[PDB]
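Enquirer: Quick one, what's the 3D model for this:
(one chain, ligands or ions: 1)
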Amino acid sequence: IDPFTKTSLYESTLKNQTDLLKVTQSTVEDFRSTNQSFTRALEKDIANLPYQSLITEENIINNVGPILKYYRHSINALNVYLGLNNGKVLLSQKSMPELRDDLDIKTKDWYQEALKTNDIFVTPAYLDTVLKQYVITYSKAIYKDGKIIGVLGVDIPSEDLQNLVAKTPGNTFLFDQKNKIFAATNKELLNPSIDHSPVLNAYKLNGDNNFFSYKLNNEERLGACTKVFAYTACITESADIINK
Ligand SMILES: CCC[C@H](N)C(=O)O
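Expert: Numbers count the residues shown, from 1 in each chain. Now the structure:
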């Protein structure tokens, strides 16, 4: 009851929840940075091959192929590949890299977006054509002496990020670009019929990392969200810690 005591519980739980929100944010950042560094190392190993190893398709197969496979294995990627300007892609896929001419790579955002930036491009989650699993793709236009060799692509199962986020402490969860629930420690939050407007509206009024209160079934809750890349990470708890 005493306003001194209520304030001290509010400050205390505010510190705990925002600490745990940061753990989930860091989880998403570390996932992306690990994958980007992997993709950069692979780009460098392909680009450092002699030109003779790169200028025929058969040489690409025999000299880039093993590299794609060793990298795929090292990180347990789903697919690792190099897309070429003739529309063919050298593909190293889970369950010997082959040159494929039937995957329409020039229509894929991971291909075309890599050509418009000098950075690694990261897709949202989407259904992989090759193995029919949801993936996040990291892609990168590879250049050697200013000449494009092709577009590197690395597919990581989006389930990997979901499991990483789910294992974090706290009632944390993650929205995707379309404000659709993407990951959650509490699996029940993945129910697609749940209305998330209360917590998203509270976030919209308060801003990144700013603790707020909101209502659920006429009961007070506390929470905070923050943008992480194009995701939105949130945490929420009951307000009983301050009220009881
Ligand atoms: C070989 C390209 C594979 C990529 N996951 C896609 O669906 O385009």
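
Enquirer: SS state for residue 130?
Expert: Following DSSP: H, G, I helix; E, B strand; the rest coil, residue 130 is assigned to coil.

Enquirer: residues in contact with it?
Expert: 78-79, 91, 93, 103, 155 (C-beta atoms under 8 Å, 6 or more residues apart in numbering). Using the backbone N, CA and C atoms, a C-beta is placed for each residue, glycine as well.

Enquirer: so what's residue 150 bridging to?
Expert: residue 142 (DSSP bridges).

Enquirer: burial measure for it, as a count.
Expert: Using other C-beta atoms under 10 Å, residue 150 has 25 other residues around it.

Enquirer: Please apply the same query to residue 132.
Expert: 7.

Enquirer: Would you mind measuring the gap between the ends of stretch 209-229?
Expert: End-to-end span of stretch 209-229 (C-alpha to C-alpha, to the nearest Å): 14 Å.

Enquirer: Sort out which residues of it are buried, please.
Expert: 211-212, 214, 221-226, 228 (16 or more other C-beta atoms under 10 Å).

Enquirer: Same question for stretch 101-113.
Expert: 103, 105, 108, 110-111, 113.

Enquirer: so which of those are also by the ligand?
Expert: Restricting the buried residues of stretch 101-113 to those adjacent to the ligand (criterion: C-beta under 6 Å from any ligand atom) gives 103, 105, 108.

Enquirer: quick one: the spatially closest residue to the first one that is not a sequence neighbour from residue 155, how far?
Expert: The one in question is residue 103. Here the nearest residue to residue 103 in space, its sequence neighbours aside, is residue 89; by C-beta to C-beta, 6 or more residues apart in numbering that works out to 5.6 Å. Remark: distance between residue 89 and residue 155 (C-beta to C-beta, to the nearest Å) = 12 Å.

Enquirer: Quickly list what's touching both of those two.
Expert: Joint contacts of residue 89 and residue 155 (C-beta under 8 Å, 6+ apart) do not exist.

Enquirer: hmm, back to that, the residue nearest to residue 103 contacts residue 79, doesn't it?
Expert: No: taking C-beta atoms under 8 Å as the definition, residue 89 is not a contact partner of residue 79, at 9.6 Å.

Enquirer: Just want to know which of the two has more residues nearby.
Expert: residue 89 (26 against 22).

Enquirer: Kindly state the beta-bridge partners for that one.
Expert: residue 83, residue 100.

Enquirer: how long is stretch 189-201 from one end to the other?
Expert: 17 Å.

Enquirer: mind checking how far that stretch is from the chain centre?
Expert: Relative to its parent chain, stretch 189-201 has a centroid offset of 21 Å by C-alpha atoms, centre = their mean, to the nearest Å.

Enquirer: Since that was my last question, I'll sign off now.
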